[PDB]
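**Student:** I'd like to ask you about the structure that follows.
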Amino acid sequence: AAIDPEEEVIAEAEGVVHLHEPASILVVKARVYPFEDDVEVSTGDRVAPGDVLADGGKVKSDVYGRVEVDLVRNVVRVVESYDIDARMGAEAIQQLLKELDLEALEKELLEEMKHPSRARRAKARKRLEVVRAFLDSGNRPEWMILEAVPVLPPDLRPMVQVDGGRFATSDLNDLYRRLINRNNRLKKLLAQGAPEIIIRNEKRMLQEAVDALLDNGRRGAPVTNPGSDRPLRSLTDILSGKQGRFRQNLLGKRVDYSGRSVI
Amino acid sequence: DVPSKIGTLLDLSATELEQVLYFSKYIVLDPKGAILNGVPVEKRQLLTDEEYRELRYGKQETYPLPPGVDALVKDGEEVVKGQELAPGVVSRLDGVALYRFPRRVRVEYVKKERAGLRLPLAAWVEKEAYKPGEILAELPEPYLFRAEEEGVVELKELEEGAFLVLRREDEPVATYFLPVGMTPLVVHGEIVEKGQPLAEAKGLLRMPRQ
Amino acid sequence: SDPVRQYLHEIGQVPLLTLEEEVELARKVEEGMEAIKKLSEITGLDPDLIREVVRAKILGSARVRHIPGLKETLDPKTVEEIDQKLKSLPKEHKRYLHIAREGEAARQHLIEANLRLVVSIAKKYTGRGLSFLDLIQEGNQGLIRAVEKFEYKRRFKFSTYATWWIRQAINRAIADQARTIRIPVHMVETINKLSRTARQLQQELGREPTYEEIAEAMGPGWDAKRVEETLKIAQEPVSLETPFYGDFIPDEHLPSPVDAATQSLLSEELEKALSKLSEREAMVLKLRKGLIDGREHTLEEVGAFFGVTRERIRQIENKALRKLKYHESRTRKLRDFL
RNA sequence: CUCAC
DNA sequence: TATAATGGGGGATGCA
DNA sequence: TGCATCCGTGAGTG
Ligand SMILES: Nc1ncnc2c1ncn2[C@@H]1O[C@H](COP(=O)(O)OP(=O)(O)OP(=O)(O)O)[C@@H](O)[C@H]1O
């Protein structure tokens, strides 16, 4: 076929077809399975050995693979591949933290505490300290992963109009905006069915946003406003440090009914 | 927060957690009978990007062919590793080969006709049918095939051997077959009468290969 | 450890399309679209739903959510029902399904193979308020838009057509997200026009322009006032933690002790007047001055709470004030209360 | 940058 | 909405 | 041997 009705290769009469001079050769490690009647599987499906492929269940598969239905050559292909579940990000981690039965790990770590070789007792001790911490607290390890992210009240990060009518805002606002502009973008990229690279990059950027909201500058580089080399003040930089909330506003405040003069 | 609470809770290194969290390596939650490089996939193993695409989507490779250069192998053929695919192209793996874009499509059109041929009696071998390449007749001496009709010549050659169609107006009056060993003595668009030689047969003549 | 380099490496894995492969993928996509367009005719359902189910089965089980716009909630159960209703079609009807799957599967590879363009496009839009990766993740959306609109019959390469949508996505993202105070896109365009105009004027004059020169160079309908106002709304807010800047800024909202005091001394020295008057007298004033609802009820509305008309209310009011005025100059408390 | 230690 | 464009620019100490 | 974390107080001016 072609763009216009012309240029089309139309068979003049009876004969057979042969192909020569290929642009390139795609060598696939797969298994072919031709068919005569209707095929039950559609292309893209996961398949195990001995699954009913086509022709009412006569022809089947030999290995684990992905279904690639060819309607031109009239053959169902099976590309040797498993239904393996391997993930990334703080989702797989959330799952692995949900799968944890702390009691059993307490048992195991206690059973390894009897082994010599110095270091094993130490590592088992630390790990068991964490495990028993979670056991005694009542907290769940998967809470170290964030589904819903808390938002600080507005006045504690205010956007106020100063003396000259200008506006002044906290640094947490731009961080929150940086979070939302990637969260919503992710929610659009998911609904519209984006490829894996784009979604992965988006989730990575999301993580890069929450890791800039809670502790900016902690991992890698600190996010700065355009036109300045100044790291934005995160929620960690607010509490910790000599300029932290503790040392500046809890262990020493400024007071009323107080004056100062040359003695 | 060194040492990583999450990392120490799951026997994971700082590097490993960095890779899993920031999308640098796949961590397996369910192998499903998968096997990488000989060993079966075990849970909590770190797969890369290639190690994951190979296990989840299989392996394959497209090899560029020079413009004009045809392939030694054909479409749908199974291939071994190191097996040649083209005069300069070598495959790096096993599997089913696939033609990407055939720049040239050759169509072998099936034709079924009926033609006559005169030959000396003691020179021809009697058979009810003739397979390709098979000897049709052996002449002990140079014998000239002669036209039994009159009209214009329509010459139609093959890869080896040829046809001949004598016609008046445009209506065909004769169809002669000239097997391998029969050299034509006429050209296309030639006027021939009755009796004049159209071709010469010498030695052994046989059916062409097609 | 570097997202930029990492993404660049992840992008260099998917090979660059040949013209033939490009046209192949595009054609497969379009054919898929038409196939779904007819499948909806056969099943008598919804095109978006169908294509979403095909997408679901193509991408696997990793991605399953309810898409805003689709009436049915996409859970594996429902998509199983629909997929079984897709397998319940005759061979000449069930053949469009394969074309749908092919269309989506080709769409994915088409998007992936044209991702290197978005990088080279967004590389020069740096320093506008958004980072490299954001511009990339928006230009990618632009590319996604370019795929479902491309027509291979026009014989144009996909790069030429995708470029437009990529720029159109980036230049929208920048104009929509770069500011802390979000400004409508057209207004942003106007401000940019002001910037370029004023820049030209500065380049030719040998000095910075005034509001009048700008307003003149902008054209009709433009005066100095509107230029000044436009520049006023175009202001970017500054940070409090600027080396802090927010420490020299008072809290104008909350009342001070002095404020809280007098307001608590004004009410006190006033309900000394709810007394001397009466019960209904010291209430027509409450509705009239807005002590109760916050709003001032006219002597019209007020008449429907005591029965009286707009002239017994008036005498009801003025009896209160005039009496309160005599209660002044004898207690002389409320004078300073200014 | 300046004052006091 | 359609020429084509496809990979960036000190100073010491505690702990793994 | 690499990384992360600490490194005195109050006050004045632009
Ligand atoms: N309070 C100030 N008053 C006037 N000039 C100052 C002041 N603070 C800093 N400077 C100027 O900045 C120069 C040095 O500033 P430096 O960078 O050491 O302070 P800083 O790092 O800004 O302090 P902080 O981090 O506590 O804000 C000084 O030599 C002076 O010129």
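Going by the structure tokens order, chains are called A, B, ..., each with residues numbered from 1, while ligands are numbered from 1 in the order shown.
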Taking a cut-off of 12 Å and counting only C-alpha atoms and all ligand atoms, can you build a table that, for each residue of chain A near ligand 1, reports the nearest atom pair and how far apart they are in Å (one decimal), sorted by chain then residue number, as a tab-separated table?
**Tutor:**
```
residue	atom	partner	partner_atom_place_in_ligand_line	distance
A:230	CA	ligand 1	25 (O)	11.6
A:242	CA	ligand 1	26 (O)	10.6
A:243	CA	ligand 1	26 (O)	9.5
```
**Student:** Only N, CA, C and O atoms, please: the residues just picked out, written as a short mmCIF file (atom, residue, chain, number, x, y, z; two decimals), in the first residue's frame.
**Tutor:**
```cif
data_model
loop_
_atom_site.label_atom_id
_atom_site.label_comp_id
_atom_site.auth_asym_id
_atom_site.auth_seq_id
_atom_site.Cartn_x
_atom_site.Cartn_y
_atom_site.Cartn_z
N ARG A 230 21.22 30.99 46.92
CA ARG A 230 20.74 30.77 48.27
C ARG A 230 19.76 29.60 48.35
O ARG A 230 18.69 29.64 47.75
N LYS A 242 21.86 26.94 65.07
CA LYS A 242 21.89 28.02 66.05
C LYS A 242 20.77 29.01 65.74
O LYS A 242 20.28 29.71 66.63
N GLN A 243 20.38 29.06 64.48
CA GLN A 243 19.26 29.88 64.05
C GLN A 243 17.96 29.08 64.06
O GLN A 243 16.92 29.56 63.63
#
```
**Student:** Could you find all residues in segment 34-88 of chain B that DSSP calls strand (DSSP E or B) from the backbone, and write them as a list in words?
**Tutor:** residues 35, 36, 39, 40, 46, 47, 60, 61, 62, 63, 64, 78, 79, 84, 85 and 86 of chain B
**Student:** Just the selected residues (N, CA, C and O atoms), exported as an mmCIF file, in the first residue's frame, please.
**Tutor:**
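And here is the file that came out, part_38.cif:
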```
data_model
loop_
_atom_site.group_PDB
_atom_site.id
_atom_site.type_symbol
_atom_site.label_atom_id
_atom_site.label_comp_id
_atom_site.auth_asym_id
_atom_site.auth_seq_id
_atom_site.Cartn_x
_atom_site.Cartn_y
_atom_site.Cartn_z
ATOM 1 N N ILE B 35 14.935 -16.122 35.549
ATOM 2 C CA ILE B 35 16.336 -16.495 35.720
ATOM 3 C C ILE B 35 17.253 -15.580 34.910
ATOM 4 O O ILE B 35 17.063 -15.397 33.707
ATOM 5 N N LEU B 36 18.240 -14.998 35.585
ATOM 6 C CA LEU B 36 19.176 -14.078 34.947
ATOM 7 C C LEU B 36 20.581 -14.665 34.866
ATOM 8 O O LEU B 36 21.177 -15.012 35.885
ATOM 9 N N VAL B 39 21.371 -18.141 36.800
ATOM 10 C CA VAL B 39 20.813 -18.306 38.138
ATOM 11 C C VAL B 39 19.381 -17.783 38.226
ATOM 12 O O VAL B 39 19.075 -16.705 37.713
ATOM 13 N N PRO B 40 18.494 -18.558 38.868
ATOM 14 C CA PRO B 40 17.097 -18.160 39.069
ATOM 15 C C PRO B 40 17.002 -16.891 39.906
ATOM 16 O O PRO B 40 17.747 -16.739 40.875
ATOM 17 N N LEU B 46 18.976 -7.000 43.348
ATOM 18 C CA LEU B 46 19.006 -5.743 42.608
ATOM 19 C C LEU B 46 19.257 -5.947 41.118
ATOM 20 O O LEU B 46 20.359 -6.307 40.705
ATOM 21 N N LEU B 47 18.223 -5.714 40.316
ATOM 22 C CA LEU B 47 18.348 -5.776 38.866
ATOM 23 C C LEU B 47 18.583 -4.382 38.305
ATOM 24 O O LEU B 47 18.020 -3.405 38.799
ATOM 25 N N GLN B 60 16.745 -8.951 21.960
ATOM 26 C CA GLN B 60 16.667 -8.888 20.506
ATOM 27 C C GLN B 60 17.674 -7.870 19.985
ATOM 28 O O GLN B 60 18.207 -7.072 20.756
ATOM 29 N N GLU B 61 17.933 -7.893 18.681
ATOM 30 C CA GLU B 61 18.891 -6.959 18.093
ATOM 31 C C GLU B 61 18.696 -6.769 16.589
ATOM 32 O O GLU B 61 18.660 -7.735 15.830
ATOM 33 N N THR B 62 18.574 -5.512 16.173
ATOM 34 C CA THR B 62 18.431 -5.167 14.762
ATOM 35 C C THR B 62 19.791 -4.841 14.150
ATOM 36 O O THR B 62 20.538 -4.020 14.679
ATOM 37 N N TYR B 63 20.107 -5.488 13.033
ATOM 38 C CA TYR B 63 21.386 -5.282 12.363
ATOM 39 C C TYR B 63 21.208 -4.553 11.036
ATOM 40 O O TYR B 63 20.466 -5.012 10.166
ATOM 41 N N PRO B 64 21.896 -3.414 10.877
ATOM 42 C CA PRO B 64 21.790 -2.590 9.668
ATOM 43 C C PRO B 64 22.398 -3.267 8.444
ATOM 44 O O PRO B 64 23.519 -3.773 8.506
ATOM 45 N N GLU B 78 15.292 -19.661 11.721
ATOM 46 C CA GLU B 78 15.952 -19.696 13.020
ATOM 47 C C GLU B 78 17.451 -19.465 12.841
ATOM 48 O O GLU B 78 18.050 -19.958 11.885
ATOM 49 N N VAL B 79 18.053 -18.716 13.760
ATOM 50 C CA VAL B 79 19.461 -18.345 13.642
ATOM 51 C C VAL B 79 20.266 -18.781 14.867
ATOM 52 O O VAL B 79 19.747 -18.815 15.983
ATOM 53 N N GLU B 84 26.087 -15.829 10.066
ATOM 54 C CA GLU B 84 26.070 -14.677 9.175
ATOM 55 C C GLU B 84 24.662 -14.395 8.653
ATOM 56 O O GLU B 84 23.873 -15.314 8.432
ATOM 57 N N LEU B 85 24.355 -13.116 8.463
ATOM 58 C CA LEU B 85 23.035 -12.690 8.008
ATOM 59 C C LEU B 85 23.124 -11.997 6.654
ATOM 60 O O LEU B 85 22.160 -11.973 5.889
ATOM 61 N N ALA B 86 24.292 -11.432 6.373
ATOM 62 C CA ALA B 86 24.527 -10.684 5.147
ATOM 63 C C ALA B 86 26.022 -10.734 4.849
ATOM 64 O O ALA B 86 26.811 -11.020 5.749
#
```
**Student:** Would you pick out the contacts of residue 55 of chain A at 9 Å or less, using only C-alpha atoms (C1' of nucleotides), so that residues sharing its chain but fewer than 6 positions from it are not included, and give the list as a PDB file with N, CA, C and O atoms, in the first residue's frame?
**Tutor:**
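Final file, selection.pdb:
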```
ATOM      1  N   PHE A  35      -1.163 -20.201  12.912  1.00  0.00           N
ATOM      2  CA  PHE A  35      -2.542 -20.578  13.210  1.00  0.00           C
ATOM      3  C   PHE A  35      -3.432 -20.576  11.969  1.00  0.00           C
ATOM      4  O   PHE A  35      -3.128 -19.921  10.971  1.00  0.00           O
ATOM      5  N   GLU A  36      -4.534 -21.315  12.043  1.00  0.00           N
ATOM      6  CA  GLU A  36      -5.482 -21.407  10.939  1.00  0.00           C
ATOM      7  C   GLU A  36      -6.772 -20.661  11.263  1.00  0.00           C
ATOM      8  O   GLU A  36      -7.308 -19.933  10.428  1.00  0.00           O
ATOM      9  N   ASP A  37      -7.263 -20.851  12.484  1.00  0.00           N
ATOM     10  CA  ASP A  37      -8.530 -20.264  12.908  1.00  0.00           C
ATOM     11  C   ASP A  37      -8.297 -19.037  13.791  1.00  0.00           C
ATOM     12  O   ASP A  37      -7.195 -18.493  13.833  1.00  0.00           O
ATOM     13  N   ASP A  38      -9.343 -18.609  14.493  1.00  0.00           N
ATOM     14  CA  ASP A  38      -9.276 -17.445  15.370  1.00  0.00           C
ATOM     15  C   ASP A  38      -8.300 -17.660  16.524  1.00  0.00           C
ATOM     16  O   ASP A  38      -8.198 -18.760  17.066  1.00  0.00           O
ATOM     17  N   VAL A  39      -7.585 -16.601  16.889  1.00  0.00           N
ATOM     18  CA  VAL A  39      -6.639 -16.653  17.998  1.00  0.00           C
ATOM     19  C   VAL A  39      -7.275 -16.094  19.274  1.00  0.00           C
ATOM     20  O   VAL A  39      -7.959 -15.070  19.239  1.00  0.00           O
ATOM     21  N   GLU A  40      -7.057 -16.778  20.392  1.00  0.00           N
ATOM     22  CA  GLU A  40      -7.687 -16.404  21.655  1.00  0.00           C
ATOM     23  C   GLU A  40      -6.916 -15.326  22.417  1.00  0.00           C
ATOM     24  O   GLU A  40      -7.491 -14.606  23.233  1.00  0.00           O
TER      25      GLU A  40
END
```
**Student:** Give me, as JSON lines, the closest atom pair and its distance (Å, one decimal) for every residue of chain E within a cut-off of 12 Å of chain B, counting only C-alpha atoms (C1' of nucleotides), rows sorted by chain and rising number.
**Tutor:**
```
{"residue": "E:14", "atom": "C1'", "partner": "B:2", "partner_atom": "CA", "distance": 11.9}
{"residue": "E:15", "atom": "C1'", "partner": "B:2", "partner_atom": "CA", "distance": 8.9}
{"residue": "E:16", "atom": "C1'", "partner": "B:3", "partner_atom": "CA", "distance": 7.8}
```
**Student:** Can those selected residues be exported to a file as a compact mmCIF listing (two decimals), in the first residue's frame so that it contains N, CA, C and O atoms (P, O5', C5', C4', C3', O3' and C1' of nucleotides)?
**Tutor:**
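Writing done, so here's result.txt:
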```txt
# COMPACT_ATOMS: atom_id res chain seq x y z
P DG E 14 35.73 11.60 69.41
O5' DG E 14 34.44 10.89 68.79
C5' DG E 14 33.16 11.46 68.99
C4' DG E 14 32.17 10.98 67.95
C3' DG E 14 32.00 9.46 67.86
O3' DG E 14 30.61 9.14 67.83
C1' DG E 14 32.45 10.35 65.72
P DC E 15 30.11 7.69 68.30
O5' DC E 15 29.93 6.89 66.92
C5' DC E 15 28.89 7.27 66.03
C4' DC E 15 29.17 6.80 64.61
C3' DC E 15 29.18 5.29 64.40
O3' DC E 15 28.06 4.93 63.60
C1' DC E 15 30.94 6.37 63.20
P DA E 16 27.66 3.38 63.40
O5' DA E 16 27.42 3.25 61.82
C5' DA E 16 28.41 3.75 60.93
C4' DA E 16 28.19 3.24 59.51
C3' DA E 16 28.06 1.73 59.38
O3' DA E 16 27.42 1.41 58.15
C1' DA E 16 30.24 2.46 58.73
```
**Student:** Which residues, written as a PyMOL selection string, have at least one atom at most 12 Å from residue 2 of chain D, with only C-alpha atoms (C1' of nucleotides) counted and residues fewer than 2 positions away on the same chain left out?
**Tutor:** (chain D and resi 4) or (chain F and resi 11-13)
**Student:** Can you write just those residues out, N, CA and C atoms (P, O5', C5', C4', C3', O3' and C1' of nucleotides), as a PDB file, in the first residue's frame?
**Tutor:**
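Output (selection.pdb):
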```pdb
ATOM      1  P     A D   4      34.742  49.079  72.661  1.00  0.00           P
ATOM      2  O5'   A D   4      34.087  48.065  73.688  1.00  0.00           O
ATOM      3  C5'   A D   4      33.045  48.503  74.542  1.00  0.00           C
ATOM      4  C4'   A D   4      32.527  47.398  75.422  1.00  0.00           C
ATOM      5  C3'   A D   4      33.498  46.264  75.682  1.00  0.00           C
ATOM      6  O3'   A D   4      34.380  46.545  76.738  1.00  0.00           O
ATOM      7  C1'   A D   4      31.395  45.382  75.063  1.00  0.00           C
TER       8        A D   4
ATOM      9  P    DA F  11      19.856  41.710  71.573  1.00  0.00           P
ATOM     10  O5'  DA F  11      20.693  43.014  71.170  1.00  0.00           O
ATOM     11  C5'  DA F  11      20.561  44.203  71.933  1.00  0.00           C
ATOM     12  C4'  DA F  11      21.634  45.231  71.597  1.00  0.00           C
ATOM     13  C3'  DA F  11      21.541  45.886  70.219  1.00  0.00           C
ATOM     14  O3'  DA F  11      20.569  46.917  70.195  1.00  0.00           O
ATOM     15  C1'  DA F  11      23.807  45.362  70.756  1.00  0.00           C
ATOM     16  P    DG F  12      20.197  47.434  68.755  1.00  0.00           P
ATOM     17  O5'  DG F  12      21.433  48.316  68.326  1.00  0.00           O
ATOM     18  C5'  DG F  12      21.290  49.725  68.294  1.00  0.00           C
ATOM     19  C4'  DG F  12      22.395  50.334  67.470  1.00  0.00           C
ATOM     20  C3'  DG F  12      22.077  50.472  65.992  1.00  0.00           C
ATOM     21  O3'  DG F  12      21.473  51.746  65.795  1.00  0.00           O
ATOM     22  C1'  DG F  12      24.212  49.452  66.272  1.00  0.00           C
ATOM     23  P    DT F  13      20.195  51.877  64.923  1.00  0.00           P
ATOM     24  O5'  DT F  13      21.009  51.872  63.566  1.00  0.00           O
ATOM     25  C5'  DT F  13      21.760  53.029  63.206  1.00  0.00           C
ATOM     26  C4'  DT F  13      22.898  52.641  62.294  1.00  0.00           C
ATOM     27  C3'  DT F  13      22.555  52.607  60.811  1.00  0.00           C
ATOM     28  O3'  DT F  13      22.656  53.891  60.186  1.00  0.00           O
ATOM     29  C1'  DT F  13      24.061  50.848  61.487  1.00  0.00           C
TER      30       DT F  13
END
```
**Student:** Which chain A residues have any atom within 8 Å of an atom of chain C, and for each, what is the nearest pair of atoms with distance in Å to one decimal, counting only C-alpha atoms, rows sorted by chain and number, as a Markdown table?
**Tutor:**
```
| residue | atom | partner | partner_atom | distance |
| --- | --- | --- | --- | --- |
| A:3 | CA | C:153 | CA | 6.0 |
| A:38 | CA | C:91 | CA | 6.0 |
| A:40 | CA | C:87 | CA | 7.2 |
| A:42 | CA | C:98 | CA | 6.0 |
| A:43 | CA | C:101 | CA | 6.4 |
| A:44 | CA | C:58 | CA | 5.6 |
| A:45 | CA | C:57 | CA | 7.2 |
| A:69 | CA | C:98 | CA | 7.4 |
| A:162 | CA | C:249 | CA | 7.2 |
| A:166 | CA | C:237 | CA | 6.8 |
| A:167 | CA | C:237 | CA | 4.8 |
| A:168 | CA | C:238 | CA | 5.0 |
| A:169 | CA | C:239 | CA | 5.2 |
| A:170 | CA | C:240 | CA | 5.4 |
| A:171 | CA | C:239 | CA | 6.4 |
| A:173 | CA | C:180 | CA | 7.9 |
| A:174 | CA | C:180 | CA | 6.8 |
| A:177 | CA | C:180 | CA | 7.9 |
| A:181 | CA | C:177 | CA | 7.5 |
| A:182 | CA | C:134 | CA | 8.0 |
| A:189 | CA | C:141 | CA | 7.5 |
| A:190 | CA | C:63 | CA | 7.8 |
| A:191 | CA | C:67 | CA | 5.5 |
| A:193 | CA | C:55 | CA | 7.2 |
| A:194 | CA | C:108 | CA | 7.5 |
| A:195 | CA | C:108 | CA | 5.9 |
| A:197 | CA | C:10 | CA | 7.3 |
| A:198 | CA | C:137 | CA | 7.2 |
| A:201 | CA | C:7 | CA | 7.2 |
| A:202 | CA | C:137 | CA | 6.9 |
| A:205 | CA | C:133 | CA | 7.8 |
| A:220 | CA | C:1 | CA | 7.3 |
| A:226 | CA | C:129 | CA | 6.0 |
| A:233 | CA | C:241 | CA | 7.3 |
```
**Student:** Near segment 141-147 of chain B, within 7 Å and counting only C-alpha atoms (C1' of nucleotides), which residues show up once chain neighbours fewer than 3 positions away are dropped, as a list in words?
**Tutor:**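 Skipping anything fewer than 3 positions along the chain leaves residues 118, 194, 195, 196, 197, 198, 199, 200, 201, 202 and 203 of chain B.
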**Student:** Once you have the residues from the selection above, write them out as a short mmCIF file (atom, residue, chain, number, x, y, z; two decimals), in the first residue's frame, restricted to N, CA, C and O atoms.
**Tutor:**
```
data_model
loop_
_atom_site.label_atom_id
_atom_site.label_comp_id
_atom_site.auth_asym_id
_atom_site.auth_seq_id
_atom_site.Cartn_x
_atom_site.Cartn_y
_atom_site.Cartn_z
N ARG B 118 8.08 -29.69 -32.75
CA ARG B 118 8.37 -30.78 -33.69
C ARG B 118 9.82 -31.27 -33.58
O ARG B 118 10.76 -30.48 -33.58
N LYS B 194 5.68 -20.16 -44.04
CA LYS B 194 5.66 -21.58 -43.69
C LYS B 194 6.87 -22.32 -44.25
O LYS B 194 7.10 -22.32 -45.46
N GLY B 195 7.65 -22.93 -43.36
CA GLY B 195 8.78 -23.73 -43.78
C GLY B 195 10.12 -23.24 -43.27
O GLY B 195 11.01 -24.03 -42.97
N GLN B 196 10.26 -21.92 -43.15
CA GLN B 196 11.54 -21.33 -42.74
C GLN B 196 11.87 -21.63 -41.28
O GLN B 196 10.98 -21.60 -40.42
N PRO B 197 13.15 -21.92 -41.00
CA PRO B 197 13.60 -22.29 -39.66
C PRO B 197 13.45 -21.16 -38.65
O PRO B 197 13.80 -20.01 -38.93
N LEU B 198 12.92 -21.49 -37.47
CA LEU B 198 12.76 -20.52 -36.40
C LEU B 198 13.86 -20.70 -35.36
O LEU B 198 14.18 -19.77 -34.62
N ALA B 199 14.43 -21.90 -35.31
CA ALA B 199 15.46 -22.22 -34.33
C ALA B 199 16.27 -23.45 -34.73
O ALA B 199 15.88 -24.19 -35.63
N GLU B 200 17.39 -23.67 -34.05
CA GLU B 200 18.24 -24.83 -34.29
C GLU B 200 18.45 -25.64 -33.02
O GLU B 200 18.80 -25.09 -31.97
N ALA B 201 18.24 -26.95 -33.12
CA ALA B 201 18.48 -27.85 -32.00
C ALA B 201 19.74 -28.67 -32.25
O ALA B 201 19.90 -29.26 -33.32
N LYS B 202 20.62 -28.72 -31.26
CA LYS B 202 21.88 -29.45 -31.40
C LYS B 202 22.25 -30.16 -30.10
O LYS B 202 22.17 -29.59 -29.02
N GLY B 203 22.65 -31.42 -30.23
CA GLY B 203 23.01 -32.23 -29.07
C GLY B 203 21.80 -32.64 -28.26
O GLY B 203 20.78 -33.06 -28.81
#
```
**Student:** Can you tell me, as a ChimeraX atom specification, which residues in segment 41-181 of chain A count as helix (DSSP H, G or I) by DSSP?
**Tutor:** /A:55-57,89-98,102-112,119-137,141-144,154-156,172-181
**Student:** Which residue, A:123, A:20, A:31, A:58, has the smallest gap to chain E when you use only C-alpha atoms (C1' of nucleotides)?
**Tutor:**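 Smallest distance to chain E is found for A:123.
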**Student:** Define the interface residues of chain C facing chain E as those within 7 Å, counting only C-alpha atoms (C1' of nucleotides), and report them as a ChimeraX atom specification.
**Tutor:** /C:8,11-12,114-117,156,159-161
**Student:** Please report as a compact mmCIF listing (two decimals) with N, CA and C atoms, in the first residue's frame which residues of chain A come no farther than 6 Å from chain B, using only C-alpha atoms.
**Tutor:**
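Final file, iface_0.txt:
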```txt
# COMPACT_ATOMS: atom_id res chain seq x y z
N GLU A 14 -2.02 -14.49 -10.77
CA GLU A 14 -1.64 -15.52 -9.82
C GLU A 14 -0.13 -15.63 -9.70
N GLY A 15 0.36 -15.87 -8.48
CA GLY A 15 1.78 -16.04 -8.25
C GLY A 15 2.15 -16.07 -6.78
N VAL A 16 3.45 -16.15 -6.50
CA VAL A 16 3.94 -16.12 -5.12
C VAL A 16 4.83 -14.91 -4.86
N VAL A 17 5.08 -14.62 -3.59
CA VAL A 17 5.78 -13.39 -3.21
C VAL A 17 7.11 -13.68 -2.53
N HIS A 18 8.14 -12.93 -2.90
CA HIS A 18 9.47 -13.07 -2.32
C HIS A 18 10.03 -11.71 -1.92
N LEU A 19 10.74 -11.66 -0.80
CA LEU A 19 11.31 -10.41 -0.30
C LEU A 19 12.83 -10.41 -0.37
N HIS A 20 13.38 -9.31 -0.87
CA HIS A 20 14.83 -9.15 -0.96
C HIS A 20 15.25 -7.74 -0.54
N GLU A 21 16.54 -7.58 -0.28
CA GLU A 21 17.11 -6.30 0.16
C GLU A 21 16.37 -5.70 1.35
N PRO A 22 16.51 -6.31 2.54
CA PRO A 22 15.88 -5.72 3.72
C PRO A 22 16.69 -4.52 4.22
N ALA A 23 16.00 -3.51 4.74
CA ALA A 23 16.67 -2.33 5.28
C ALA A 23 17.56 -2.74 6.44
N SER A 24 17.07 -3.66 7.25
CA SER A 24 17.82 -4.22 8.36
C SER A 24 17.21 -5.55 8.78
N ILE A 25 17.90 -6.28 9.65
CA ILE A 25 17.42 -7.58 10.09
C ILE A 25 17.20 -7.60 11.60
N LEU A 26 15.94 -7.72 12.01
CA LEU A 26 15.61 -7.81 13.43
C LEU A 26 15.69 -9.25 13.93
N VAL A 27 16.74 -9.56 14.67
CA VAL A 27 16.90 -10.89 15.24
C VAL A 27 16.27 -10.93 16.63
N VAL A 28 15.15 -11.64 16.73
CA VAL A 28 14.43 -11.76 17.99
C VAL A 28 14.62 -13.16 18.57
N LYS A 29 14.86 -13.23 19.87
CA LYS A 29 14.92 -14.51 20.56
C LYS A 29 13.52 -14.90 20.99
N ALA A 30 12.76 -15.47 20.06
CA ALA A 30 11.36 -15.82 20.33
C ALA A 30 10.97 -17.16 19.71
N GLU A 80 10.45 -14.83 24.60
CA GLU A 80 10.88 -15.40 25.89
C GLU A 80 11.08 -14.36 26.99
N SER A 81 10.05 -14.19 27.82
CA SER A 81 10.08 -13.22 28.91
C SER A 81 9.10 -13.61 30.01
N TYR A 82 9.49 -13.36 31.26
CA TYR A 82 8.69 -13.79 32.41
C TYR A 82 7.76 -12.68 32.89
N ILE A 84 7.84 -11.28 35.67
CA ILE A 84 8.60 -10.88 36.85
C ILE A 84 8.13 -9.54 37.41
N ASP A 85 8.01 -9.46 38.73
CA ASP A 85 7.62 -8.23 39.41
C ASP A 85 8.81 -7.59 40.11
N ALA A 86 9.40 -6.59 39.46
CA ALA A 86 10.51 -5.84 40.04
C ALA A 86 10.21 -4.35 39.96
N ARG A 87 10.19 -3.68 41.11
CA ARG A 87 9.80 -2.27 41.15
C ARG A 87 10.94 -1.33 41.52
N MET A 88 10.58 -0.06 41.69
CA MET A 88 11.52 0.98 42.08
C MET A 88 10.83 1.98 43.00
N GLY A 89 11.57 2.99 43.44
CA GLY A 89 11.01 4.07 44.23
C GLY A 89 10.61 3.69 45.64
N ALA A 90 9.87 4.58 46.30
CA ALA A 90 9.44 4.37 47.67
C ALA A 90 8.09 3.66 47.74
N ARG A 204 10.79 10.36 40.17
CA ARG A 204 12.10 10.72 40.68
C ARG A 204 12.13 12.20 41.06
```
